[PDB]
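As structure tokens, one chain now follows by itself in the form deposited in one PDB entry.
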């Protein structure tokens, strides 16, 4: 099999540059301003100009300014980006029917048909990198391999703005040499548990007795790693479906008083519905971010579709259930709609 993974470089900041070329060659930081206090918020993404110095996704907006006090700071604009992305996901469709849109900027292609070997593979990587650069003036990175996991890893290496192949032989050394923590789906926490169990390489997973790996990190995860290590991973490419929509927001001050919260909660549903568009959910969830930054949630399924009027009531009851079964204050509040018709 031969899978080609495509990944957009620092996407949000690149589109920002694209939309005002002057920004070219400068450190651009796409930020999310919570508006709580002076320059409060976080970092959505920074371009190469900023990254290399430390500014990265997750750092506060105040920390970033201490490093690059004079870079460009712009508020995120999901809508525009999302649309830019949509277009690009099309140039690709025009490269196969088997396309999996993993995220707003990640996508996998199943070219096992078209191309005959890694040779023609590269040609198409290039032929593809180009197209998107022409049509939309945006740089990406290609990864090619026996499957989605490596095609992706393939892309993490050759980044930014590169293209890389990882053929069987090389995969082999990776299953052994490649770090366990650098394997897709293994976040700190897991990579951590995998530490104790003495696992540090995909190989290491073959020594331990399954059931101890299962009682630890989970059967799915466990099986996932195994198949990978034994060189038997091969999940196909499928067209994923938005199985949920929501929208959380923050208040100027943490609160516990229901009246003080409602207004925020509604604004949340309001936007959530706008997103929904044409879609009708059967499930609802109120999500609260307590002051200590711990997420608390309460929801409910209905035997029918939820109207907007219904959401307003349902959400105010589930929020009450939250202030009840919890004494902490709320820093953020939002709704999540699922189980569409």
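Rigid core: the largest C-alpha set superposing within 1.5 Å between the two forms. Residue numbers count along the first chain shown, from 1.
Quick note: we don't show the form deposited in another entry, though the next part is all about it.
Superposed on the rigid core, the two forms differ between this form and the one not shown by 2 Å or more at the C-alpha of one listed residue only; from 214, 77, 247, 146 that residue is 214.
In the core-superposed comparison between this form and the one not shown, residue 100 has its Cα shifted by less than 2 Å. Shown in the overlay between this form and the one not shown, fitted on the rigid core, is a CA shift at residue 190 of 2 Å or greater.
Put the two forms on the same core and the Cα of residue 323 is off by 2 Å or more between this form and the one not shown.
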